[PDB]
2 protein chains.
Amino acid sequence: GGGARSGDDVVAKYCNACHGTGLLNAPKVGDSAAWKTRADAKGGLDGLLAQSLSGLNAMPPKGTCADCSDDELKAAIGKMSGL
Amino acid sequence: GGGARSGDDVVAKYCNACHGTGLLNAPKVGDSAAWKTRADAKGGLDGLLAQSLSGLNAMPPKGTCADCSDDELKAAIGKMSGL
Ligand code: HEM
Ligand code: HEM
């Protein structure tokens, strides 16, 4: 989605590992549906990002790339998601 | 290893998911070696526990079972490990 670094670059270098396959029940990429009821649950594109940073269960905290700015985490959420 | 609940119970209900297979490069169960150079690196059985709680990379924080006392986390470390 957006742009810090990518999400193209970010999904592929960090996010890939679970979201690609669906490993651990990771909401898979392009799966507009799954991601939707999610935003729903946490009030938009900020409930996923505020969510990734914190982490949830088996989803490791901060998406990962403990390097990432907040803008990148959202761009890789933007593009795992659809929106 | 030790006893809060188990680690038998704990490894099997929470820890299983990655350490069983080796999913995500999770140091597998019984693998005395792998776990050893680990304790080494973080000064004993407290560098894994202080470690799990915090989490590291793809290892989700607090082993998981965000329920667990510290004594259980160590007993499931005791028994993933060998020691
Ligand atoms: C890459 C930095 C990355 C981001 C960003 C990210 C985000 C993310 C969101 C927003 C969710 C939904 C959380 C919610 O419902 O609020 C989510 C869910 C899971 N993720 Fe993730 N995720 C990124 C990458 C990774 C990686 C590399 C892993 C595997 C170690 C992983 C795993 C998961 C899992 C599992 C879930 C579902 C967890 C659950 O909802 O029970 N993600 N992720
Ligand atoms: C169950 C509550 C559980 C515990 C406890 C636990 C501990 C643990 C330790 C001590 C390490 C070594 C960390 C270090 O080197 O200091 C470790 C490593 C990894 N784990 Fe784990 N772990 C438990 C369970 C789980 C589960 C359910 C997952 C999968 C979502 C998982 C994953 C991993 C991974 C991956 C690693 C290696 C991470 C890395 O060292 O790069 N663990 N765990």
Side-chain angles (χ1 to χ4, degrees), chain A residues 5 7 9-29 34-35 38 42 47-70 72-74 76-77 80, chain B:
Chain A
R5 235 150 188 45
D9 307 40
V10 176
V11 161
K13 210 299 174 291
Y14 304 104
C15 302
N16 43 68
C18 316
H19 291 291
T21 45
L23 223 111
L24 258 18
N25 286 121
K28 311 144 225 157
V29 165
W35 290 92
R38 260 52 147 52
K42 290 148 178 294
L48 310 201
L49 165 66
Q51 224 275 357
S52 332
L53 268 14
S54 148
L56 169 94
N57 285 297
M59 153 58 196
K62 197 178 181 201
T64 164
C65 44
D67 259 299
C68 281
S69 46
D70 281 28
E72 330 206 87
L73 219 266
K74 174 194 290 96
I77 281 163
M80 278 185 319
Chain B
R5 235 150 188 45
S6 272
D8 280 352
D9 307 40
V10 176
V11 161
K13 210 299 174 291
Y14 304 104
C15 302
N16 43 68
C18 316
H19 291 291
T21 45
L23 223 111
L24 258 18
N25 286 121
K28 311 144 225 157
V29 165
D31 193 354
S32 159
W35 290 92
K36 225 285 86 178
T37 111
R38 260 52 147 52
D40 267 354
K42 290 148 178 294
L45 213 303
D46 319 57
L48 310 201
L49 165 66
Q51 224 275 357
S52 332
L53 268 14
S54 148
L56 169 94
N57 285 297
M59 153 58 196
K62 197 178 181 201
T64 164
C65 44
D67 259 299
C68 281
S69 46
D70 281 28
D71 56 333
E72 330 206 87
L73 219 266
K74 174 194 290 96
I77 281 163
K79 229 316 62 50
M80 278 185 319
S81 218
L83 229 141

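Atom set for the values below is all heavy atoms of this structure, side chains included, hydrogens, waters and symmetry mates excluded. Chain letters run A, B, ... following the sequence lines, proteins first and then strands; every chain starts at 1.
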Checklist entry - What distance separates B:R38 CZ from B:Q51 CD, expressed to the nearest 0.5 Å? => result 8.0 Å
Checklist entry - A:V10 and A:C68: which non-hydrogen atoms are nearest, and at how many Å? => result CG1-SG, 4.4 Å
Checklist outcome for this item: Heavy atoms of A:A17 and A:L23 approach each other most closely as O-CB, 4.0 Å
Item to check | Full working for side chain to side chain contact (heavy atoms under 4.5 Å, CB included) between A:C65 and A:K13 | outcome: CA-CA 9 Å; A:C65 44; A:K13 210 299 174 291; over 6 Å; no
Item to check | Gap between atom CH2 of B:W35 and atom CG of B:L83 - 0.5 Å precision | outcome: 11.0 Å
Checklist entry - Given side chains that start at C-beta, do those of A:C15 and A:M80 come closer than 4.5 Å, heavy atoms only? => result yes
Item to check | Separation of A:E72 CD from A:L49 CG (nearest 0.5 Å) | outcome: 11.0 Å
Checklist entry - Within a radius of less than 6.0 Å around CG of A:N16, do more than 12 heavy atoms belonging to other residues, nucleotides or ligands occur? => result yes
Checklist outcome for this item: For A:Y14 and A:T64 the tightest heavy-atom approach is CB-O, 3.8 Å
Checklist entry - Side chains of A:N57 and B:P60: closer than 4.5 Å at any heavy-atom pair? => result no
Checklist outcome for this item: A:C18 meets the disulfide (SG to SG under 2.5 Å) criterion, sequence neighbours left out, with none
Item to check | Sub-4.5 Å side-chain heavy-atom contact between A:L53 and A:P61 | outcome: no
Checklist entry - Where do A:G63 and A:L73 come nearest, in terms of heavy atoms and distance? => result CA-CD2, 4.1 Å
Checklist entry - Is A:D70 salt-bridged to A:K74, cutoff N-O under 4.0 Å? => result no
Item to check | Under the side-chain contact (heavy atoms from CB on, under 4.5 Å) test, residues paired with B:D8 that sit two or more places apart | outcome: B:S6, B:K79
Checklist entry - Do you know the tightest heavy-atom contact between A:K42 and A:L48? => result CD-CD2, 4.3 Å
Checklist entry - Do any N or O atoms from the side chain of A:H19 and from the backbone of A:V29 form a donor-acceptor pair under 3.5 angstrom? => result no
Checklist entry - From A:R5 CZ over to A:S69 OG, what is the distance, rounded to the nearest 0.5 angstrom? => result 7.5 Å
Item to check | Shortest non-hydrogen separation from B:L24 to B:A58 and the atoms involved | outcome: CG-CB, 4.4 Å
